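**Student:** Sending over a structure as structure tokens; questions will come in a sec.
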Amino acid sequence: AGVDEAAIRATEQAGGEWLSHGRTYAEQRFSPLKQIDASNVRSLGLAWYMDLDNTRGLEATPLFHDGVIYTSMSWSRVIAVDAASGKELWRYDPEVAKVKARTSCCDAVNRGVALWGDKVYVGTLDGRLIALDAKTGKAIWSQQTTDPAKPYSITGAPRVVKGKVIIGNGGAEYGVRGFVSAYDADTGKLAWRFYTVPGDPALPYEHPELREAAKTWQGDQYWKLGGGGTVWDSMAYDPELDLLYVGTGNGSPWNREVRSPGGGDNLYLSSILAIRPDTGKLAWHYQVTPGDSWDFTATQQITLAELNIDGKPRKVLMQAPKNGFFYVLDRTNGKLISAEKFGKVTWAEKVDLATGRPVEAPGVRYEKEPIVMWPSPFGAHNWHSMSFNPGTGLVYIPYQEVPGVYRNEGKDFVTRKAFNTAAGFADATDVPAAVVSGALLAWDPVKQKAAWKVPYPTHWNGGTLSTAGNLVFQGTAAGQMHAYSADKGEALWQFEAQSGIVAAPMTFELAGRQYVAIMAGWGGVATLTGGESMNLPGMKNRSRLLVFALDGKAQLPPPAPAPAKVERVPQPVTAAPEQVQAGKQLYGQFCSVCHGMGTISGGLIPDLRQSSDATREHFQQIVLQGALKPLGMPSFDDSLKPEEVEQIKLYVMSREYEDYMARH
Ligand code: HEC
Ligand SMILES: O=C(O)c1cc(C(=O)O)c2c(n1)C(=O)C(=O)c1cc(C(=O)O)[nH]c1-2
Ligand SMILES: [Ca+2]
């Protein structure tokens, strides 16, 4: 009763609505709407906005259908907003335990919901796939898709194909076995499940593909460690070819030397899968990063399009994953058409067209010595949306340039109840502004070359939106909403959003008027690992749903200045070097993922260097006795001893004094 395949396909020509995550099943995030164009976007203004009781990352792409905006907020909460009145119609809160974040790698985020019939679908941080009544927001059915005992979580938006709700999950950083499932839209009954990596050999393979994949894995530890290959984000669908395309993630642990000692491609890690939606049977696959040992996922946006290659019309599938190569594949059979670097890439010389395999540079697998390379775990392109404009033939990518540093923990690797990369990710003590940069990259998929590029001081800028009005919209880490000419990248309109933006803009039509909406709420994993680059002006969270339209007259109020804060004058901290070092390591292994690398917090979670004296006195109570558990600060008594927590406190105070002396 409402949203069905015909309705979603129809939006391909009708720009009024946005019924699926990437707008259309092809996920081009291109709107035919052109009331707002390059000639008049200078007149664009804020039409209205909604303040949100949210203080964490907002990554959702809103959906618009029949006058209603459907979106989500941090902690997997869903809200329906009437686009005409601007009033919240209803909200659904799954009530995820705040401490669930201990096993949620990258901020308490949610990329959006899906629509089908008269229901709304959302995935939660604790592994649930829930169906809600579109009109009232009441829960219809709920499925616990993951083992509550394992470090799984759902952050991505589901898609609905032929009456089946498709959703994956995340957790490869902690160590889990990846998979994507299809649930019946009306009942929630599991239709089929495709695991992306093989499981315990002592048990049967769930499907034939796994038997073949198993031949590409070595050793007897990968299934105990999880294996990885989580499907936490992108997927596309072509109804004519009847193929569901899914992107799989990195391995668990990251380091193949520990994950699969003897080597191997480790299928289907970092791969693009073409699956039969009705059965879950694999039609074809393409492995983006064989033997992935760098957190190089292939879960980034998968866009379907029709391009003319060498004078011949081709049905392609495009992706610009973390590894830095831009892929153009024949979406009917998975044959590689082209693959070229779209930014700084030093881990591989190129992707061999004939074999389809990347030609790795010397020492990039860091077996004997640590390696500094590009891209990094943050990726040349992460989840921030890209978009395709059929008119210009260009793909607009939120490019990122950050150095990746990997160390082989090898025999010294120890599985912990925390991140298990086995690649020395814990060694990081900062993300310097000097070593990072970003850019709005207009990529030509046919020529495999940049058409134009707009530079940004840092990475972690928001997704893009393309429209028929020769425009591309994007929000930035620095706190602005932008509009550039699609063809040349000329800056046409800017707006101070009052919050760093990471989500993707979307547009729709209501009563003959075009609106552009964006979920403004600084967040995502980078804001948690922090570092200097993530503490520049504008990188603050002020969660709001912002809606723009021609001649919009709304104005955001000026924030109130922060109260007085007399920083404590740090007394010298004398301690044995090894003791401070022990604290440095323990902190990096267990606390950096939320409080920031080297204690340099990103602002969403407290800076341990600035804790009050009362807080410092209760350090043991907080860390080991869960005194702040109701606020989301986990208790680590299951992993750390009092003396170890003391070593961490010593390290923290050492950094506070170290930094305080920096100034003055
Ligand atoms: C994310 C899952 C976290 C990890 C891992 C660690 N901490 Fe944490 N911590 C987290 C939150 C969300 C908060 C804020 C709670 C609130 O609403 O105030 C905290 C807070 C603390 C504090 C108090 C800070 C202050 O108010 O000055 C301390 C002392 C603290 N956390 C310590 C700590 C240590 C030592 C950790 C590693 C073992 C650690 N945290 C991990 C979230 C998360
Ligand atoms: O390995 C995984 O399972 C997994 C899951 C997720 C997630 O669910 O958000 C992210 C990542 N990996 C990841 O590698 C990454 O860089 C990342 C960034 C973000 C974010 O929300 O900003 N999520 C994730
Ligand atoms: Ca990952």
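Ordered as shown in the structure tokens, chains take letters A, B, and onward, while each chain numbers its residues from 1 and ligands are numbered from 1 in the order shown.
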Once you count only C-alpha atoms and all ligand atoms, which residues end up within 9 Å of ligand 1, and could you hand them over as a PDB file with N, CA and C atoms, in the first residue's frame?
**Tutor:**
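Written out: part-v1.pdb:
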```pdb
ATOM      1  N   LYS A  98      23.377   2.703  25.703  1.00  0.00           N
ATOM      2  CA  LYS A  98      24.478   3.596  25.365  1.00  0.00           C
ATOM      3  C   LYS A  98      25.842   2.905  25.356  1.00  0.00           C
ATOM      4  N   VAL A  99      26.048   1.952  26.262  1.00  0.00           N
ATOM      5  CA  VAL A  99      27.323   1.243  26.309  1.00  0.00           C
ATOM      6  C   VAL A  99      27.520   0.323  25.100  1.00  0.00           C
ATOM      7  N   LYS A 100      26.490   0.186  24.267  1.00  0.00           N
ATOM      8  CA  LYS A 100      26.614  -0.646  23.074  1.00  0.00           C
ATOM      9  C   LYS A 100      27.699  -0.046  22.179  1.00  0.00           C
ATOM     10  N   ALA A 101      28.006   1.228  22.405  1.00  0.00           N
ATOM     11  CA  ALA A 101      29.022   1.918  21.624  1.00  0.00           C
ATOM     12  C   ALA A 101      30.405   1.297  21.828  1.00  0.00           C
ATOM     13  N   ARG A 102      30.585   0.554  22.920  1.00  0.00           N
ATOM     14  CA  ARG A 102      31.875  -0.086  23.158  1.00  0.00           C
ATOM     15  C   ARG A 102      32.151  -1.084  22.033  1.00  0.00           C
ATOM     16  N   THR A 103      31.088  -1.616  21.432  1.00  0.00           N
ATOM     17  CA  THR A 103      31.233  -2.558  20.326  1.00  0.00           C
ATOM     18  C   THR A 103      30.598  -2.021  19.040  1.00  0.00           C
ATOM     19  N   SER A 104      30.746  -0.712  18.848  1.00  0.00           N
ATOM     20  CA  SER A 104      30.278   0.015  17.667  1.00  0.00           C
ATOM     21  C   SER A 104      31.475   0.910  17.352  1.00  0.00           C
ATOM     22  N   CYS A 105      32.265   0.489  16.373  1.00  0.00           N
ATOM     23  CA  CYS A 105      33.493   1.173  15.974  1.00  0.00           C
ATOM     24  C   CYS A 105      33.498   2.635  15.649  1.00  0.00           C
ATOM     25  N   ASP A 107      31.146   5.653  16.019  1.00  0.00           N
ATOM     26  CA  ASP A 107      30.151   6.618  16.486  1.00  0.00           C
ATOM     27  C   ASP A 107      28.763   5.981  16.407  1.00  0.00           C
ATOM     28  N   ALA A 418      38.237  -5.227  22.493  1.00  0.00           N
ATOM     29  CA  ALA A 418      38.436  -3.888  21.963  1.00  0.00           C
ATOM     30  C   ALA A 418      38.773  -4.105  20.495  1.00  0.00           C
ATOM     31  N   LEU A 528      35.948  10.817  16.434  1.00  0.00           N
ATOM     32  CA  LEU A 528      36.217  10.116  17.688  1.00  0.00           C
ATOM     33  C   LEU A 528      37.711   9.851  17.864  1.00  0.00           C
ATOM     34  N   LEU A 586      48.095   0.953  26.636  1.00  0.00           N
ATOM     35  CA  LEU A 586      46.782   0.547  27.119  1.00  0.00           C
ATOM     36  C   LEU A 586      45.723   1.555  26.681  1.00  0.00           C
ATOM     37  N   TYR A 587      46.058   2.839  26.737  1.00  0.00           N
ATOM     38  CA  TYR A 587      45.112   3.873  26.323  1.00  0.00           C
ATOM     39  C   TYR A 587      44.792   3.714  24.836  1.00  0.00           C
ATOM     40  N   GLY A 588      45.835   3.561  24.027  1.00  0.00           N
ATOM     41  CA  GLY A 588      45.641   3.414  22.594  1.00  0.00           C
ATOM     42  C   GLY A 588      44.806   2.198  22.233  1.00  0.00           C
ATOM     43  N   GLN A 589      45.002   1.110  22.970  1.00  0.00           N
ATOM     44  CA  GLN A 589      44.277  -0.130  22.727  1.00  0.00           C
ATOM     45  C   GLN A 589      42.810  -0.110  23.164  1.00  0.00           C
ATOM     46  N   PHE A 590      42.526   0.527  24.297  1.00  0.00           N
ATOM     47  CA  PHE A 590      41.170   0.553  24.847  1.00  0.00           C
ATOM     48  C   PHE A 590      40.393   1.864  24.878  1.00  0.00           C
ATOM     49  N   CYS A 591      41.079   3.003  24.898  1.00  0.00           N
ATOM     50  CA  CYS A 591      40.365   4.274  25.015  1.00  0.00           C
ATOM     51  C   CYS A 591      40.380   5.244  23.839  1.00  0.00           C
ATOM     52  N   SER A 592      41.434   5.205  23.036  1.00  0.00           N
ATOM     53  CA  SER A 592      41.564   6.126  21.915  1.00  0.00           C
ATOM     54  C   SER A 592      40.385   6.161  20.948  1.00  0.00           C
ATOM     55  N   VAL A 593      39.732   5.022  20.735  1.00  0.00           N
ATOM     56  CA  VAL A 593      38.614   4.976  19.791  1.00  0.00           C
ATOM     57  C   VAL A 593      37.421   5.858  20.155  1.00  0.00           C
ATOM     58  N   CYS A 594      37.392   6.356  21.387  1.00  0.00           N
ATOM     59  CA  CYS A 594      36.311   7.236  21.815  1.00  0.00           C
ATOM     60  C   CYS A 594      36.846   8.556  22.370  1.00  0.00           C
ATOM     61  N   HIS A 595      37.949   8.502  23.113  1.00  0.00           N
ATOM     62  CA  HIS A 595      38.519   9.716  23.694  1.00  0.00           C
ATOM     63  C   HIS A 595      39.602  10.386  22.842  1.00  0.00           C
ATOM     64  N   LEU A 604      33.211  15.170  20.707  1.00  0.00           N
ATOM     65  CA  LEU A 604      31.919  14.515  20.912  1.00  0.00           C
ATOM     66  C   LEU A 604      31.902  13.792  22.248  1.00  0.00           C
ATOM     67  N   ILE A 605      33.092  13.418  22.704  1.00  0.00           N
ATOM     68  CA  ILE A 605      33.290  12.710  23.964  1.00  0.00           C
ATOM     69  C   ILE A 605      34.385  13.479  24.714  1.00  0.00           C
ATOM     70  N   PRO A 606      34.268  13.594  26.047  1.00  0.00           N
ATOM     71  CA  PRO A 606      35.225  14.311  26.896  1.00  0.00           C
ATOM     72  C   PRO A 606      36.716  14.103  26.648  1.00  0.00           C
ATOM     73  N   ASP A 607      37.465  15.193  26.806  1.00  0.00           N
ATOM     74  CA  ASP A 607      38.915  15.203  26.655  1.00  0.00           C
ATOM     75  C   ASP A 607      39.474  14.861  28.039  1.00  0.00           C
ATOM     76  N   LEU A 608      40.023  13.659  28.171  1.00  0.00           N
ATOM     77  CA  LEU A 608      40.561  13.210  29.446  1.00  0.00           C
ATOM     78  C   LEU A 608      41.655  14.112  30.005  1.00  0.00           C
ATOM     79  N   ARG A 609      42.219  14.968  29.159  1.00  0.00           N
ATOM     80  CA  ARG A 609      43.259  15.885  29.609  1.00  0.00           C
ATOM     81  C   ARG A 609      42.637  17.008  30.425  1.00  0.00           C
ATOM     82  N   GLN A 610      41.360  17.279  30.162  1.00  0.00           N
ATOM     83  CA  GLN A 610      40.642  18.355  30.836  1.00  0.00           C
ATOM     84  C   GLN A 610      39.716  17.931  31.976  1.00  0.00           C
ATOM     85  N   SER A 611      39.727  16.652  32.332  1.00  0.00           N
ATOM     86  CA  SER A 611      38.865  16.169  33.409  1.00  0.00           C
ATOM     87  C   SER A 611      39.065  16.965  34.696  1.00  0.00           C
ATOM     88  N   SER A 612      37.984  17.159  35.442  1.00  0.00           N
ATOM     89  CA  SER A 612      38.054  17.894  36.701  1.00  0.00           C
ATOM     90  C   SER A 612      38.800  17.057  37.731  1.00  0.00           C
ATOM     91  N   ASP A 613      39.154  17.678  38.850  1.00  0.00           N
ATOM     92  CA  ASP A 613      39.863  16.985  39.915  1.00  0.00           C
ATOM     93  C   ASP A 613      38.986  15.901  40.536  1.00  0.00           C
ATOM     94  N   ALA A 614      37.694  16.182  40.663  1.00  0.00           N
ATOM     95  CA  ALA A 614      36.758  15.217  41.226  1.00  0.00           C
ATOM     96  C   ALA A 614      36.727  13.979  40.332  1.00  0.00           C
ATOM     97  N   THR A 615      36.682  14.208  39.022  1.00  0.00           N
ATOM     98  CA  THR A 615      36.663  13.120  38.049  1.00  0.00           C
ATOM     99  C   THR A 615      37.928  12.266  38.166  1.00  0.00           C
ATOM    100  N   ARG A 616      39.082  12.923  38.260  1.00  0.00           N
ATOM    101  CA  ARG A 616      40.359  12.225  38.389  1.00  0.00           C
ATOM    102  C   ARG A 616      40.384  11.367  39.656  1.00  0.00           C
ATOM    103  N   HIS A 618      37.893   9.890  40.932  1.00  0.00           N
ATOM    104  CA  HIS A 618      37.007   8.756  40.699  1.00  0.00           C
ATOM    105  C   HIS A 618      37.347   7.992  39.422  1.00  0.00           C
ATOM    106  N   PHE A 619      38.584   8.138  38.962  1.00  0.00           N
ATOM    107  CA  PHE A 619      39.044   7.483  37.740  1.00  0.00           C
ATOM    108  C   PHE A 619      38.824   5.969  37.783  1.00  0.00           C
ATOM    109  N   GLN A 620      39.189   5.338  38.896  1.00  0.00           N
ATOM    110  CA  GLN A 620      39.015   3.895  39.047  1.00  0.00           C
ATOM    111  C   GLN A 620      37.535   3.513  39.060  1.00  0.00           C
ATOM    112  N   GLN A 621      36.723   4.308  39.752  1.00  0.00           N
ATOM    113  CA  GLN A 621      35.291   4.040  39.847  1.00  0.00           C
ATOM    114  C   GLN A 621      34.622   4.129  38.475  1.00  0.00           C
ATOM    115  N   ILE A 622      35.022   5.124  37.694  1.00  0.00           N
ATOM    116  CA  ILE A 622      34.462   5.319  36.362  1.00  0.00           C
ATOM    117  C   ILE A 622      34.871   4.213  35.398  1.00  0.00           C
ATOM    118  N   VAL A 623      36.179   3.993  35.289  1.00  0.00           N
ATOM    119  CA  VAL A 623      36.734   3.007  34.371  1.00  0.00           C
ATOM    120  C   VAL A 623      36.509   1.532  34.713  1.00  0.00           C
ATOM    121  N   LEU A 624      36.566   1.179  35.995  1.00  0.00           N
ATOM    122  CA  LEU A 624      36.391  -0.216  36.396  1.00  0.00           C
ATOM    123  C   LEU A 624      35.117  -0.538  37.166  1.00  0.00           C
ATOM    124  N   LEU A 628      29.890   5.807  35.325  1.00  0.00           N
ATOM    125  CA  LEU A 628      29.273   6.624  34.277  1.00  0.00           C
ATOM    126  C   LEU A 628      28.635   5.772  33.186  1.00  0.00           C
ATOM    127  N   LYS A 629      28.369   4.517  33.520  1.00  0.00           N
ATOM    128  CA  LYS A 629      27.769   3.566  32.594  1.00  0.00           C
ATOM    129  C   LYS A 629      26.448   4.056  31.982  1.00  0.00           C
ATOM    130  N   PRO A 630      25.563   4.655  32.795  1.00  0.00           N
ATOM    131  CA  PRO A 630      24.296   5.131  32.228  1.00  0.00           C
ATOM    132  C   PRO A 630      24.469   6.234  31.179  1.00  0.00           C
ATOM    133  N   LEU A 631      25.640   6.866  31.167  1.00  0.00           N
ATOM    134  CA  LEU A 631      25.920   7.920  30.200  1.00  0.00           C
ATOM    135  C   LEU A 631      26.654   7.365  28.978  1.00  0.00           C
ATOM    136  N   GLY A 632      26.948   6.069  28.998  1.00  0.00           N
ATOM    137  CA  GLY A 632      27.624   5.457  27.869  1.00  0.00           C
ATOM    138  C   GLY A 632      29.094   5.143  28.059  1.00  0.00           C
ATOM    139  N   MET A 633      29.667   5.553  29.187  1.00  0.00           N
ATOM    140  CA  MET A 633      31.072   5.271  29.466  1.00  0.00           C
ATOM    141  C   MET A 633      31.105   3.862  30.043  1.00  0.00           C
ATOM    142  N   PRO A 634      31.586   2.890  29.252  1.00  0.00           N
ATOM    143  CA  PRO A 634      31.667   1.488  29.668  1.00  0.00           C
ATOM    144  C   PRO A 634      32.596   1.222  30.841  1.00  0.00           C
ATOM    145  N   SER A 635      32.389   0.078  31.481  1.00  0.00           N
ATOM    146  CA  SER A 635      33.243  -0.356  32.575  1.00  0.00           C
ATOM    147  C   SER A 635      34.180  -1.365  31.920  1.00  0.00           C
ATOM    148  N   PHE A 636      35.477  -1.266  32.197  1.00  0.00           N
ATOM    149  CA  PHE A 636      36.439  -2.183  31.594  1.00  0.00           C
ATOM    150  C   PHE A 636      37.024  -3.186  32.576  1.00  0.00           C
ATOM    151  N   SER A 639      38.572  -6.371  31.287  1.00  0.00           N
ATOM    152  CA  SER A 639      39.802  -6.329  30.499  1.00  0.00           C
ATOM    153  C   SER A 639      40.996  -5.646  31.161  1.00  0.00           C
ATOM    154  N   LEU A 640      40.740  -4.782  32.135  1.00  0.00           N
ATOM    155  CA  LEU A 640      41.822  -4.054  32.778  1.00  0.00           C
ATOM    156  C   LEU A 640      41.870  -4.180  34.300  1.00  0.00           C
ATOM    157  N   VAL A 645      44.780   0.626  34.897  1.00  0.00           N
ATOM    158  CA  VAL A 645      44.001   1.850  34.754  1.00  0.00           C
ATOM    159  C   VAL A 645      44.818   3.017  35.298  1.00  0.00           C
ATOM    160  N   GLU A 646      45.599   2.746  36.340  1.00  0.00           N
ATOM    161  CA  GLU A 646      46.445   3.770  36.943  1.00  0.00           C
ATOM    162  C   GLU A 646      47.527   4.181  35.947  1.00  0.00           C
ATOM    163  N   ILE A 648      47.197   4.166  32.793  1.00  0.00           N
ATOM    164  CA  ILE A 648      46.512   4.972  31.787  1.00  0.00           C
ATOM    165  C   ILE A 648      46.350   6.401  32.309  1.00  0.00           C
ATOM    166  N   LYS A 649      45.928   6.525  33.564  1.00  0.00           N
ATOM    167  CA  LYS A 649      45.737   7.835  34.178  1.00  0.00           C
ATOM    168  C   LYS A 649      47.055   8.595  34.166  1.00  0.00           C
ATOM    169  N   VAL A 652      47.613   9.845  30.672  1.00  0.00           N
ATOM    170  CA  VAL A 652      46.716  10.964  30.411  1.00  0.00           C
ATOM    171  C   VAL A 652      47.251  12.250  31.046  1.00  0.00           C
TER     172      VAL A 652
END
```
**Student:** Write out as a PDB file with N, CA, C and O atoms, in the first residue's frame each polymer residue whose atoms come within 8 Å of residue 306 (chain A), counting only C-alpha atoms; drop sequence neighbours fewer than 2 positions from it.
**Tutor:**
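Listed below is the output, result14.pdb:
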```
ATOM      1  N   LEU A 304      25.206   2.528 -10.480  1.00  0.00           N
ATOM      2  CA  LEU A 304      24.951   1.927 -11.781  1.00  0.00           C
ATOM      3  C   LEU A 304      24.696   3.048 -12.786  1.00  0.00           C
ATOM      4  O   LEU A 304      24.084   4.065 -12.455  1.00  0.00           O
ATOM      5  N   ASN A 308      29.315   5.363 -22.555  1.00  0.00           N
ATOM      6  CA  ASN A 308      29.817   4.980 -23.866  1.00  0.00           C
ATOM      7  C   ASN A 308      31.320   4.792 -23.743  1.00  0.00           C
ATOM      8  O   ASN A 308      32.059   5.759 -23.567  1.00  0.00           O
ATOM      9  N   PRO A 313      28.019   1.469 -26.148  1.00  0.00           N
ATOM     10  CA  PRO A 313      27.191   1.691 -24.958  1.00  0.00           C
ATOM     11  C   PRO A 313      27.376   0.536 -23.980  1.00  0.00           C
ATOM     12  O   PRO A 313      27.174  -0.623 -24.339  1.00  0.00           O
ATOM     13  N   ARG A 314      27.768   0.853 -22.749  1.00  0.00           N
ATOM     14  CA  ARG A 314      27.992  -0.171 -21.732  1.00  0.00           C
ATOM     15  C   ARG A 314      27.135   0.022 -20.485  1.00  0.00           C
ATOM     16  O   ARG A 314      26.862   1.150 -20.072  1.00  0.00           O
ATOM     17  N   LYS A 315      26.699  -1.090 -19.902  1.00  0.00           N
ATOM     18  CA  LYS A 315      25.911  -1.069 -18.675  1.00  0.00           C
ATOM     19  C   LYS A 315      26.939  -1.275 -17.575  1.00  0.00           C
ATOM     20  O   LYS A 315      27.369  -2.399 -17.314  1.00  0.00           O
ATOM     21  N   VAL A 316      27.342  -0.186 -16.933  1.00  0.00           N
ATOM     22  CA  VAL A 316      28.372  -0.273 -15.913  1.00  0.00           C
ATOM     23  C   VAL A 316      27.941  -0.156 -14.460  1.00  0.00           C
ATOM     24  O   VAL A 316      26.794   0.164 -14.137  1.00  0.00           O
TER      25      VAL A 316
END
```
**Student:** State, in Å with one decimal place, the distance from CA of residue 345 (chain A) to CA of residue 285 (chain A).
**Tutor:**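 Computing it gives 23.6 Å between the two atoms.
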**Student:** Quick one, how far is CA of residue 275 (chain A) from CA of residue 185 (chain A)?
**Tutor:** 18.3 Å
**Student:** Quick one: residues within 10 Å of residue 147 (chain A), only C-alpha atoms counted, chain neighbours fewer than 4 positions away excluded, as a list in words?
**Tutor:**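 Listing them by chain and then by number gives residues 126, 127, 151, 152 and 153 of chain A.
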**Student:** Give me, as a PyMOL selection string, the residues of region 407-565 of chain A that a backbone DSSP run labels strand (DSSP E).
**Tutor:** chain A and resi 437-444+449-456+464-467+471-475+480-485+491-496+506-510+513-520+544-550
**Student:** Looking at A:133, A:352, A:17, A:295, which one is nearest to ligand 2, with distances taken over only C-alpha atoms and all ligand atoms?
**Tutor:**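 The closest residue to ligand 2 is A:295.
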**Student:** If you take only C-alpha atoms and all ligand atoms and a cut-off of 9 Å, which residues of chain A touch ligand 2, and what are their nearest atom pairs and distances in Å to one decimal, in chain and number order, as a Markdown table?
**Tutor:**
```
| residue | atom | partner | partner_atom_place_in_ligand_line | distance |
| --- | --- | --- | --- | --- |
| A:57 | CA | ligand 2 | 21 (O) | 7.7 |
| A:58 | CA | ligand 2 | 21 (O) | 8.9 |
| A:59 | CA | ligand 2 | 21 (O) | 7.0 |
| A:104 | CA | ligand 2 | 8 (O) | 7.1 |
| A:105 | CA | ligand 2 | 6 (C) | 6.3 |
| A:106 | CA | ligand 2 | 23 (N) | 4.7 |
| A:107 | CA | ligand 2 | 21 (O) | 6.2 |
| A:108 | CA | ligand 2 | 21 (O) | 8.0 |
| A:109 | CA | ligand 2 | 21 (O) | 6.0 |
| A:110 | CA | ligand 2 | 21 (O) | 7.8 |
| A:111 | CA | ligand 2 | 21 (O) | 8.2 |
| A:125 | CA | ligand 2 | 8 (O) | 8.5 |
| A:152 | CA | ligand 2 | 3 (O) | 8.0 |
| A:153 | CA | ligand 2 | 8 (O) | 6.6 |
| A:154 | CA | ligand 2 | 8 (O) | 5.9 |
| A:155 | CA | ligand 2 | 8 (O) | 4.8 |
| A:156 | CA | ligand 2 | 8 (O) | 6.6 |
| A:169 | CA | ligand 2 | 8 (O) | 6.3 |
| A:170 | CA | ligand 2 | 3 (O) | 3.3 |
| A:171 | CA | ligand 2 | 3 (O) | 3.9 |
| A:172 | CA | ligand 2 | 1 (O) | 3.8 |
| A:173 | CA | ligand 2 | 1 (O) | 5.1 |
| A:174 | CA | ligand 2 | 1 (O) | 8.2 |
| A:175 | CA | ligand 2 | 3 (O) | 8.4 |
| A:176 | CA | ligand 2 | 3 (O) | 7.9 |
| A:178 | CA | ligand 2 | 3 (O) | 7.9 |
| A:228 | CA | ligand 2 | 1 (O) | 7.0 |
| A:229 | CA | ligand 2 | 3 (O) | 7.2 |
| A:230 | CA | ligand 2 | 3 (O) | 4.9 |
| A:231 | CA | ligand 2 | 3 (O) | 7.1 |
| A:232 | CA | ligand 2 | 8 (O) | 5.0 |
| A:233 | CA | ligand 2 | 8 (O) | 7.2 |
| A:248 | CA | ligand 2 | 3 (O) | 9.0 |
| A:249 | CA | ligand 2 | 1 (O) | 5.8 |
| A:250 | CA | ligand 2 | 1 (O) | 5.6 |
| A:251 | CA | ligand 2 | 1 (O) | 7.4 |
| A:252 | CA | ligand 2 | 1 (O) | 7.9 |
| A:254 | CA | ligand 2 | 1 (O) | 8.9 |
| A:295 | CA | ligand 2 | 14 (O) | 6.0 |
| A:296 | CA | ligand 2 | 14 (O) | 7.3 |
| A:297 | CA | ligand 2 | 14 (O) | 6.5 |
| A:299 | CA | ligand 2 | 12 (N) | 8.6 |
| A:322 | CA | ligand 2 | 16 (O) | 8.5 |
| A:377 | CA | ligand 2 | 16 (O) | 6.0 |
| A:378 | CA | ligand 2 | 16 (O) | 4.9 |
| A:379 | CA | ligand 2 | 16 (O) | 6.8 |
| A:382 | CA | ligand 2 | 16 (O) | 6.2 |
| A:383 | CA | ligand 2 | 18 (C) | 6.4 |
| A:384 | CA | ligand 2 | 22 (O) | 7.8 |
| A:460 | CA | ligand 2 | 22 (O) | 8.2 |
| A:502 | CA | ligand 2 | 22 (O) | 7.9 |
| A:523 | CA | ligand 2 | 22 (O) | 6.8 |
| A:524 | CA | ligand 2 | 22 (O) | 3.3 |
| A:525 | CA | ligand 2 | 22 (O) | 4.4 |
| A:526 | CA | ligand 2 | 22 (O) | 6.4 |
| A:527 | CA | ligand 2 | 22 (O) | 8.2 |
```
**Student:** Using only C-alpha atoms, pick whichever of A:458, A:421, A:279, A:467 has the shortest atom-to-atom distance to residue 508 (chain A).
**Tutor:**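 Going through A:458, A:421, A:279, A:467 one by one, the smallest distance to residue 508 (chain A) is for A:467.
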**Student:** Can you work out which one of A:227, A:362, A:432, A:512 has the shortest atom-to-atom distance to ligand 3, counting only C-alpha atoms and all ligand atoms?
**Tutor:**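 Closest to ligand 3 of all the choices is A:227.
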**Student:** Of the candidates A:47, A:269, A:213, A:114, which shows the shortest atom-to-atom distance to ligand 3, using only C-alpha atoms and all ligand atoms?
**Tutor:**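 With only C-alpha atoms and all ligand atoms as the atom set, the closest residue is A:269.
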**Student:** Against region 63-80 of chain A, which residues of region 89-202 of chain A fall within 6 Å? For each one I want the closest pair of atoms and the distance in Å (one decimal), counting only C-alpha atoms, rows by chain and increasing residue number, as a tab-separated table.
**Tutor:**
```
residue	atom	partner	partner_atom	distance
A:89	CA	A:80	CA	5.4
A:90	CA	A:80	CA	5.5
A:91	CA	A:79	CA	4.1
A:92	CA	A:78	CA	5.0
A:93	CA	A:77	CA	4.7
A:108	CA	A:75	CA	5.1
A:109	CA	A:74	CA	5.0
A:110	CA	A:76	CA	5.6
A:112	CA	A:72	CA	5.5
A:124	CA	A:76	CA	5.2
```
**Student:** Might you pull out every residue within 10 Å of region 423-428 of chain A, with only C-alpha atoms counted and same-chain residues fewer than 2 positions away left off, and present them as number ranges by chain?
**Tutor:** A: 253-258, 293-295, 366, 370, 377, 404-410, 413, 419-421, 430-431, 529, 531, 584-593, 596-598
